[PDB]
Every structure is written in structure tokens, then in C-alpha cells.
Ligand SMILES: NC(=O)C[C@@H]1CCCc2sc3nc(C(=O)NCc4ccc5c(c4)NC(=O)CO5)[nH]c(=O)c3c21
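Take a look at this one chain, the form solved without the ligand, written out in C-alpha cells.
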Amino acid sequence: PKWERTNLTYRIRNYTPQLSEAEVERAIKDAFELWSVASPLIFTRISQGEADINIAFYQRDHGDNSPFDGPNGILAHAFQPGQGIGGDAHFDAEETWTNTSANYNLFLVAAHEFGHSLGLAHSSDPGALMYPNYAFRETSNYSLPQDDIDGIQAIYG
């Protein structure tokens, strides 16, 4: 399942109150950039209305038949390319969200979720971004591991 147009739109529907609105927007922006530098896809922010990729923070039962589970465990989930819920990414509102090494770094989590949003499945490489379990990595000069580049190149490359 892959997107048919190169220019995709996204919307942040709501926020977490543990970080400034600036810092949530920056984490989402930089997460999309990681995939933009390794594919033809171009990502455009909208403020209101219906975008290709809806981003939201939600708790327990939230309308999609995949409920969240409260503190820790499942951190987020994203749907594959398609109409409607296709491509949308949901983040567990009950987590502590950070811009640091402390559980859990919103940039790193969103980076992984957006891979799903674009057609990727999980990787068996423990050093990949698309590995099933969360692991902190120094974020200052973060770029995608080579495994994830191979991933998006096989789809859109």
C-alpha cells in the first residue's frame, strides 16, 4: 500500500501539555524531514480541515478498534497508505512525552510511526528505526539508519 502523489499534507489535531506547542510542532516537523531527505515525498502542514496524515494524542478507546493501554506498553500506532484513516498516526495521551533521553522521546516515536504511514512494515534489524521496540538514540544529529533508507527506496525509490 503506497501513496500515489508526492506532495502529502498533514495536520496536528491536538497536543500534549507536557511540552510547549513549539516543541511538539518541531518534533513532528523533524520526524517528517527524516523521510523527506530519502524519498520523493514532500510534506505540507495544514491548520484545519482534512489532511492526508492526521496526527493526534488520544487515550484508551478512541474510535478505531485499536484501544491504547494507559502508562507504558503501546506508545502509538499508525495506519498504512489509503483513504480515510489511511496514513493517520495516533499517540498514547497517557505517556510522559519528552524532548530528552527520558521515556518517551516524541521525535523518535513519531519518526517510527511515519514509516508505517508511508507503507513500511517492521524490521528485524535491532539497529533500525522500524524495529518493533523503542530505544533512545542521541537526537542532535539523527538521520535514518541505513536499514530504513533501503525500506523507503524499495517503495518510492
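Numbering starts at 1 and follows the sequence shown. Shifts are known only where both forms have a C-alpha. Rigid core here is just the name for the largest C-alpha set that superposes within 1.5 Å across the two forms.
FYI, the form solved in complex with the ligand isn't displayed, but the following is about it.
The site on this chain is blocked, since the ligand, superimposed from its pose in the deposited bound form on the surrounding C-alphas, has 3 or more atoms within 2.4 angstroms of backbone or C-beta atoms. The putative spot formed by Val109, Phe136 and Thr139 is fully lined by the ligand in the deposited bound form; each residue has a non-hydrogen atom within 4.5 angstroms of it. Scanning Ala128, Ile55, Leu118, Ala31 against the ligand in the deposited bound form with a 4.5 Å heavy atom cut-off leaves one residue, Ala128. Heavy atoms of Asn14 never reach within 4.5 Å of the ligand in the deposited bound form, leaving it off the interface.
Put simply, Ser143 is close to the ligand in the deposited bound form: some heavy atom of it is within 4.5 Å.
Taking the partner from the other structure, the ligand in the deposited bound form has a heavy atom within 4.5 Å of a heavy atom of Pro132. Shifted segments between the shown form and the other one, defined as at least 3 consecutive common residues whose CA atoms all move 2 Å or more after rigid-core fitting, occur once only, at 137 to 141.
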